[PDB]
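What the coordinates show
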Amino acid sequence: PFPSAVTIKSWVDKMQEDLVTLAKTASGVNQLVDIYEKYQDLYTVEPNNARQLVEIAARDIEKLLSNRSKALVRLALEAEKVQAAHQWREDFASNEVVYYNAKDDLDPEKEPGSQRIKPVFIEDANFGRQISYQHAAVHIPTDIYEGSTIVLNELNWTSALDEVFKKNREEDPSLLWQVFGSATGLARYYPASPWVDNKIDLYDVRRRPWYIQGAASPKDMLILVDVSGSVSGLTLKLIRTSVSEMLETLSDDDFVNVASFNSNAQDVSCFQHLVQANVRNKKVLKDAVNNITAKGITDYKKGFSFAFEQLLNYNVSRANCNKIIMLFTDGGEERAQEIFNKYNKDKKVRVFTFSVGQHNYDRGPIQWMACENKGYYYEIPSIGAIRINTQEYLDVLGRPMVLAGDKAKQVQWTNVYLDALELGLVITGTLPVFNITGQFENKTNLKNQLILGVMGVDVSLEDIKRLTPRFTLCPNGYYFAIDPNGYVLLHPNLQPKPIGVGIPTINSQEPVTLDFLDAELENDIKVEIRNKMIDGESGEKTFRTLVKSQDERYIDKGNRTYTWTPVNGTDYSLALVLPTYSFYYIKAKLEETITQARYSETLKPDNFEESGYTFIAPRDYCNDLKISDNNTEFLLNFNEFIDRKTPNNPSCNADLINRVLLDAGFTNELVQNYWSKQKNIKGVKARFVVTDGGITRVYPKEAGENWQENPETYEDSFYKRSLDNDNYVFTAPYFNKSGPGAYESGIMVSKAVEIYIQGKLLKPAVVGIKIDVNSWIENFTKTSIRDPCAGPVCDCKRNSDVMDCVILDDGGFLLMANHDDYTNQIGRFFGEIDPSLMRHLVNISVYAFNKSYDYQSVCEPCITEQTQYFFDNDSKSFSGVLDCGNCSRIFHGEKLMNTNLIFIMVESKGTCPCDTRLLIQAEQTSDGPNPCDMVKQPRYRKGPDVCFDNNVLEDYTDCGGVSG
Ligand SMILES: *[C@@H]1O[C@H](CO)[C@@H](O[C@@H]2O[C@H](CO)[C@@H](O[C@@H]3O[C@H](CO)[C@@H](O[C@@H]4O[C@H](CO)[C@@H](O)[C@H](O)[C@H]4NC(C)=O)[C@H](O)[C@H]3NC(C)=O)[C@H](O)[C@H]2NC(C)=O)[C@H](O)[C@H]1NC(C)=O
Ligand SMILES: *[C@@H]1O[C@H](CO)[C@@H](O[C@@H]2O[C@H](CO)[C@@H](O[C@@H]3O[C@H](CO)[C@@H](O)[C@H](O)[C@H]3NC(C)=O)[C@H](O)[C@H]2NC(C)=O)[C@H](O)[C@H]1NC(C)=O
Ligand SMILES: *[C@@H]1O[C@H](CO)[C@@H](O[C@@H]2O[C@H](CO)[C@@H](O)[C@H](O)[C@H]2NC(C)=O)[C@H](O)[C@H]1NC(C)=O
Ligand SMILES: *[C@@H]1O[C@H](CO)[C@@H](O[C@@H]2O[C@H](CO)[C@@H](O)[C@H](O)[C@H]2NC(C)=O)[C@H](O)[C@H]1NC(C)=O
Ligand SMILES: *[C@@H]1O[C@H](CO)[C@@H](O[C@@H]2O[C@H](CO)[C@@H](O)[C@H](O)[C@H]2NC(C)=O)[C@H](O)[C@H]1NC(C)=O
Ligand SMILES: *[C@@H]1O[C@H](CO)[C@@H](O)[C@H](O)[C@H]1NC(C)=O
Ligand SMILES: [Ca+2]
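Residues numbered from 1 in each chain as written, not as in the entry; some residues may be left out. Chains lettered and ligands numbered in written order. Part of a larger assembly, values for the part shown. Heavy atoms only, no water.

For this deposited structure, the header cites cryo-EM as the method used and 2.92 Å as the resolution.

Right under this line is the structure:
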């Protein structure tokens, strides 16, 4: 039968009291608070003024980037002067240029004008590779011969850069890379290191995003593809490959749209006006281009009239400078002077014409189109010419900024991208290098309107993370930074993996561009905060948001405070997220050499038998102490270091060490004085304590092998979840995993320690226990069933045919049930067990869901869809009547007040058949949002305001037709 709602409410109270009392007593919660008050005077509570913290960090980042920019400035000055003083030799006799080619074998045991250097690489932990600080290394790509007269002159005159490289490194020993990408192809980076590692080097410095960023200004490109009949066959494949490679040379500040025309022009993809060259809009355009067919009769006057009209659309967001048309055709007879006289008569749009394929057609008109319209003419006769002939239009685009003089020389920082030499997430500052031969005397300006190359220095994101310390904050507080496009420069949720672009089709060069809204859970207030950060404003915003847990299975409803300020000097904006309870932190005292030894003798490796197996967080306390992935090794190193000399020494962090020692003392006093009195308890398997300082202790020595949590305290999902909840939190175990399930370790319940010192509020630690399944399953089958109620069971027996007692958590996962089959599936989502009660619970708003996208995820055969369920109405009694096909299941649900637990009682599963559409909470591979709809309603961005797109002094004589 189905007992009364009052009866279920009476049953749940006994189990709630049992669980709450057992978790309270077993893991000391009042004892730690009492310890924290009674050992006062050993620490002090200091404020976290968010306004000051964010400004200090912003000025630190500003100084770092200005240090980085000074090196670029002096490199550019020296390179310009040295090239200006160069004399063009044409013949080199035996050894005349001495350089280290970065792709040469280190032991050849064996050229036209070059003598190799045999360098000595020692090591450097700052880089990870083997480097030589003695000289610079040269990369010359595979196609370009290293004996050319234009390469040997570069290799000679650029040898003067090594002194400046050395001077920069000696003034700032933290410089990572100093590359000079040259317009001839070769690159010179100062710490001479072998080139990376089939295995065909396809690297070209003239296509890397930093070079393209520094070589021109943002563009409004419109590719016009000819798809008439005559381009059928090889020419079409060359055209598609060329268009894809051209699309690869586009940044997020650039806007592009691809059109095609046989006899009537049309858009190749769903986009209709112009889209910024994201990593995903570009994918859509590439996929659309790879599916075009050639049929018809060419009509230039209808394709150009289409391109010029899409370059006039101002309802949409665009770069608003450098308006260019790239015509991919083979050859024709029409030049269409009327169209150009009608649309482009003041010559505000450049036209670049490509004669793709191996054929024999008139090429005069398409050369004339480039010559008349301030453009250039290119020829792609095979696959090997695609790269070079698609990367060259930047030479044309850089003329107006070269003529701008010492006003186009501004340092610009790129998007976050993976370094070529396996260094991780880095950003690059760039500065163009101009040609100034014959400028001291008024001699030459015809060829001087071309950059020599681009300077570049790399700053790693680990540097920026070092400038923003995070250990005076709670685990829930963090920094993050936003550039004008909205992408994150800093975020806890940014991983060193390429951004997924779509579902991975069956059978490291792209930037890691992750938007702020894609790194967190989007919110109406967050869309406003992000716009204010982009605009370059500063303010505070305290509001109730929706935070997702570390393990990506739960959601908590936390109250956070966003404080942001612009990184004055650059275009970035820094923000600091802090919850309400994280406005104060514990600062340890100096104490005395007596107390240091007594606290540090507790975490001796032989000593965690009377004290409980101890973990230590791998945070850098001293320069000499080395971080290890095996916590035993790091704990031994930490112990021997503390034994050596004194706990307080130079080349260390006094605050970190003192905090760790204070936490060790508090934890040891707790574990001894309380847990040592009661060696074994009936319903617990292990008592643990995790504290902010870095220390994790599990009381049973044998239970330490089952502890699978991260030794870093600031990265434990249960700690972060428990901080946001003023009650007990049940963390469901993992289901179908190689580790020990909820039969040898137990089910974890955690409660956050809250201490009231002065009027301040602090949460410095979290304790908990792992409840054994057997004691609780034995306690579950007797505290809810009445014995003399009836012959047939009025509630669940050990294996009840009809009754289906089952208790869930705040995320819909299984924790315990009556049935043996159910109990065998502890830690599984209830949707995959009973896929009808689950969806009805969602529908009657027992639960709620909120779905997001993961872009940095890996798949087996990629963007991934994620789902998390959370309590919404937060009211107690949930009873109703679920309807199956031609049958009715009646259910009652009651929620424990002190824990995030729900007791759901359903009449019977077998009696009434419902359709079994499984509701899966696990992450599912999926395509991202439809790009068409997103580009119909784009996000807010503030593009660069400086652009050099026209100059009256520019010489258009180098059209490219008469030059070959
Ligand atoms: C920065 O700008 C300066 C000037 O603005 C530039 O310096 C000039 O560099 C060119 C190299 O391209 C030198 O070219 C001279 O011109 C003669 C005559 O053409 C060349 O002799 C032949 O030229 C043909 C083509 O006409 C060609 O096949 C090949 O270059 C030569 N062939 C044979 C068989 O000899 C020479 O290349 C060269 N002459 C001499 C005597 O060196 C100019 O002389 C340079 N100008 C000045 C004022 O010195 C410089 O390259 C730019 N920076 C960079 C990095 O390119
Ligand atoms: C481009 O290549 C040129 C040829 O190798 C280099 O020019 C040569 O540099 C040498 C320095 O190593 C000069 O030697 C010195 O020159 C001084 C002149 O003041 C004289 O005393 C001597 O000739 C000599 N002295 C000493 C102490 O070695 C060569 O005169 C000079 N010119 C040649 C060989 O024709 C350029 O240095 C090189 N460019 C760059 C940027 O390195
Ligand atoms: C969008 O661009 C079009 C032209 O590219 C602008 O032209 C107007 O289009 C609307 C559509 O019904 C009409 O008011 C007229 O046909 C056009 N008005 C003119 C030319 O003055 C249109 O104004 C742009 N959108 C907005 C909101 O301004
Ligand atoms: C960028 O410049 C502004 C002003 O040029 C700095 O803001 C000033 O801060 C002082 C106190 O530090 C105030 O007295 C001024 O009123 C502020 N001026 C404003 C807001 O216009 C700002 O600090 C600089 N950027 C950074 C990161 O420090
Ligand atoms: C994200 O989660 C929030 C939290 O529930 C959802 O916002 C609520 O949505 C329900 C309807 O599903 C509304 O009745 C509430 O008024 C919403 N709350 C607030 C504060 O607005 C939200 O729908 C979820 N999904 C997304 C995409 O935000
Ligand atoms: C900037 O450089 C100076 C000297 O080059 C150095 O003392 C200072 O610490 C640097 N600031 C940084 C790296 O933020
Ligand atoms: Ca044709």
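1. Regarding the coordination of the calcium ion (ligand 7)
Ideal geometry at a metal gives 109.5 degrees between four tetrahedral donors and either 90 or 180 degrees between six octahedral ones. Looking at the calcium ion (ligand 7), the protein donor atoms are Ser 228 (OG), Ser 230 (OG) and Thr 298 (OG1), and they sit 2.5 to 2.8 Å from it. Along the chain, the residues that donate to the calcium ion (ligand 7) are spaced as S-x1-S-x67-T. Of the two residues, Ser 230 sits in the loop between β7 (220-226) and α7 (234-248) while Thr 298 sits in the loop between α8 (281-289) and α9 (300-310), which places them 68 residues apart along the sequence. A relative accessible area of 37% places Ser 230 in the partly exposed class. The partly exposed category is assigned to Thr 298, whose relative accessible area is 31%. (Donors = N, O, S within 2.8 Å, 3.2 Å for Na, K, Ca; no water. Helix = DSSP H or I, 4+ residues; strand = E, 2+ residues; numbered from the N terminus. Buried < 20%, exposed > 50% of the residue type's maximum accessible area, 1.4 Å probe, protein only.)

2. Focus on the site of ligand 6
Close contacts around ligand 6 come from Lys 63, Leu 64, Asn 67 and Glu 171, and that covers them all. Relative to its unbound accessible area of 360 Å², ligand 6 is 48% covered by the protein chains. Here the element with the most residues in the shell around ligand 6 is helix α3 (residues 50-84); it accounts for three residues. Broken down by class, the residue content of the shell around ligand 6 amounts to one nonpolar, one polar and two charged. (Near = heavy atom within 4 Å. Areas by Shrake-Rupley, 256 points an atom, 1.4 Å probe, with all protein chains shown as cover. Nonpolar A, V, L, I, M, F, W, Y, C, P; charged D, E, K, R; others polar.)

3. Overview of the state of the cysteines
Tallied over the full model, the rule gives nine disulfides. Here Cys 270 connects covalently by a disulfide to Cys 932, the sulfurs 2.0 Å from one another. Taking the sign of the S-S torsion, about -110 degrees here, the bridge from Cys 270 to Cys 932 comes out left-handed. For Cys 796, the disulfide goes to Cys 805, at an S-S distance of 2.0 Å. Disulfide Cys 796-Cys 805: the torsion about the S-S bond is 105 degrees, which places it as right-handed. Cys 796 gets classed as buried once you look at its relative accessible area, which sits at 4%. With a relative accessible area of 1%, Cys 805 lands in the buried category. (Disulfide = S-S within 2.5 Å.)

4. Concerning the side chain of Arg 206
As for its position among the elements, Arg 206 is in the loop between β6 (187-189) and α6 (209-215). Assessed through its relative accessible area of 10%, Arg 206 is described here as buried. For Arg 206, the side chain forms a polar contact with the side chain of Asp 204, separated by 2.9 Å. (Polar contact = N/O pair within 3.5 Å; in protein donor to acceptor, adjacent residues only side chain to side chain.)

5. What to know about the UniProt feature "disulfide bond" in the protein
With 24 Å between their sulfur atoms, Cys 371 and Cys 947 do not form the disulfide that UniProt assigns to them. By the element assignment, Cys 371 lies in helix α11 (residues 364-372). Position of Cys 947 among the secondary structure elements: in the segment after α25 (931-936). (UniProt positions renumbered as here; feature names shortened; annotations may be inferred.)

6. Points about the pattern of salt bridges
Where charged atoms from two side chains of opposite charge approach closely, those side chains can pair. Per the counting criterion, the structure on display carries 47 salt bridges. A salt bridge links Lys 63 to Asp 60; the nearest nitrogen and oxygen atoms lie 3.8 Å apart. Here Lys 63 and its partner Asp 60 are both found in helix α3, three residues apart, which amounts to about one turn of the helix. For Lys 63, a relative accessible area of 54% puts it in the exposed group. Assessed through its relative accessible area of 22%, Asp 60 is described here as partly exposed. Between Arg 553 and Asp 551 there is a salt bridge; the shortest N-O distance is 3.3 Å. Owing to a relative accessible area of 18%, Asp 551 belongs among the buried residues under this scheme. (Salt bridge = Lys/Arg side-chain N within 4 Å of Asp/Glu carboxyl O.)

7. A few points about the packing of aromatic side chains
The final tally for this structure, using the stated rule, is 44 aromatic pairs. The interplanar angle of 15 degrees and the centroid separation of 5.6 Å between the aromatic rings of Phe 308 and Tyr 343 together place this pair among those described as stacked. In this pair, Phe 308 is assigned in helix α9 and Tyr 343 in helix α10 (residues 337-343), connecting sequence segments 35 residues apart. Taking the relative accessible area as the measure of exposure, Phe 308 reaches 3% and is therefore buried. Each ring, one from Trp 707 and one from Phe 718, has its centre 6.0 Å from the other, and the planes form 90 degrees; the classification is edge-to-face. In this pair, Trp 707 is assigned in the loop between β28 (696-698) and α21 (717-723) and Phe 718 in helix α21, connecting sequence segments 11 residues apart. Judged by its relative accessible area of 7%, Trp 707 falls in the buried class. Taken together, the aromatic side chains of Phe 127, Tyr 133, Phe 165, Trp 177, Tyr 189, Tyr 190, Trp 195 and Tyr 203 make up a single cluster linked through ring pairs. In this structure, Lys 895 packs its charged tip against the face of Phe 871, placed 4.3 Å from the ring centre. (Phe/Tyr/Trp six-rings, centres within 6.5 Å; stacked < 30°, edge-to-face > 60°. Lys NZ or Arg CZ within 6 Å of the ring centre and 35° of its normal.)

8. Structural notes on the packing of α7 against α8
Direction vectors running N to C along α7 and α8 enclose 175 degrees, while the axes themselves pass 10 Å from each other. The pairing of α7 with α8 is recorded here as roughly antiparallel in orientation. Of the residues in α8, those in contact with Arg 240, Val 243, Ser 244, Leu 247 and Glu 248 of α7 are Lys 282, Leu 285, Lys 286 and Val 289. Counted by class, the contact of α7 with α8 contains four nonpolar, one polar and four charged residues. (Axes fitted to C-alpha atoms, helices over the stretch in contact; angles between N-to-C directions. Parallel < 35°, antiparallel > 145°, perpendicular 65-115°, else oblique. Contact = heavy atoms within 4.5 Å.)

9. Thoughts on the packing of helix α18 (residues 593-600) against helix α20 (residues 654-675)
The interhelical angle for the contact between α18 and α20, taken along N-to-C directions, is 60 degrees, at an axis separation of 9 Å. Our classification of the angle between α18 and α20 gives oblique. In this structure, α18 crosses over α20, and the sense of that crossing is left-handed. Note on element contacts: α20 touches α18 through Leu 661, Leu 662, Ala 664 and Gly 665, opposite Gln 596, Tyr 599 and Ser 600. Each residue belonging to the contact of α18 with α20 can be placed in one class, and the counts come to four nonpolar, three polar and no charged. (Left-handed = near helix turned anticlockwise from the far one by under 90°.)

10. Observations concerning the sheet that holds strand β37 (residues 887-896)
Strand order in the open sheet formed by five strands is β33-β32-β38-β37-β36, with antiparallel pairing between adjacent strands. Single-partner strands in this sheet number two, and they are β33 (814-817) and β36 (878-884). Looking at each pair of strands side by side, their axes are set apart by 25 degrees on average, direction ignored. Pairing between strand β32 (residues 806-809) and strand β38 (residues 901-906): four bridges, direction antiparallel. Of the residues in β38, the one forming a bridge with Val 806 is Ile 904. (Pairing = 2+ DSSP bridges.)

11. Describing the nonpolar core
Side chains of nonpolar character tend, in soluble globular proteins, to be buried together. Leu 32, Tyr 621 and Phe 830 are the most contacted members of the largest nonpolar core, which has 112 residues in total. Ignoring anything within four residues of it in the chain, the contact list for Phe 830 reads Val 806, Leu 808, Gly 812, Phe 813, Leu 814, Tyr 822, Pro 835, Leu 837 and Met 838. Formed by 47 residues, the second largest nonpolar core is a distinct cluster that contains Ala 50, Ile 61, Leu 490 and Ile 499. (Core = buried A, V, L, I, M, F, W, Y, C linked by side-chain atoms within 4.5 Å.)

12. Some points on the sheet that holds strand β20 (residues 539-544)
Strand order across the open sheet formed by five strands is β19-β18-β24-β23-β20, with antiparallel pairing between neighbours. Looking at strand neighbours, the two that pair on one side only are β19 (488-490) and β20, the edges of this open sheet. Adjacent strand axes in the sheet meet at a mean angle of 25 degrees when their direction is disregarded. Taken together, the two bridges between strand β18 (residues 478-482) and β19 define a ladder with antiparallel strand orientation. Along β19, the bridge assignment pairs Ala 481 with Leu 490.

13. Describing unusual backbone geometry
The backbone of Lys 374 sits at a positive phi, close to 55 degrees, despite the residue not being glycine. Relative to the assigned elements, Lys 374 resides in the loop between α11 and β13 (377-380). Among the residues examined, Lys 374 registers a relative accessible area of 6% and is labelled buried. Phi is positive for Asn 507, close to 60 degrees, though the residue is something other than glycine. Mapped onto the elements of the fold, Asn 507 is located in the loop between β19 and α16 (516-519). For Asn 507, a relative accessible area of 96% corresponds to the exposed category.

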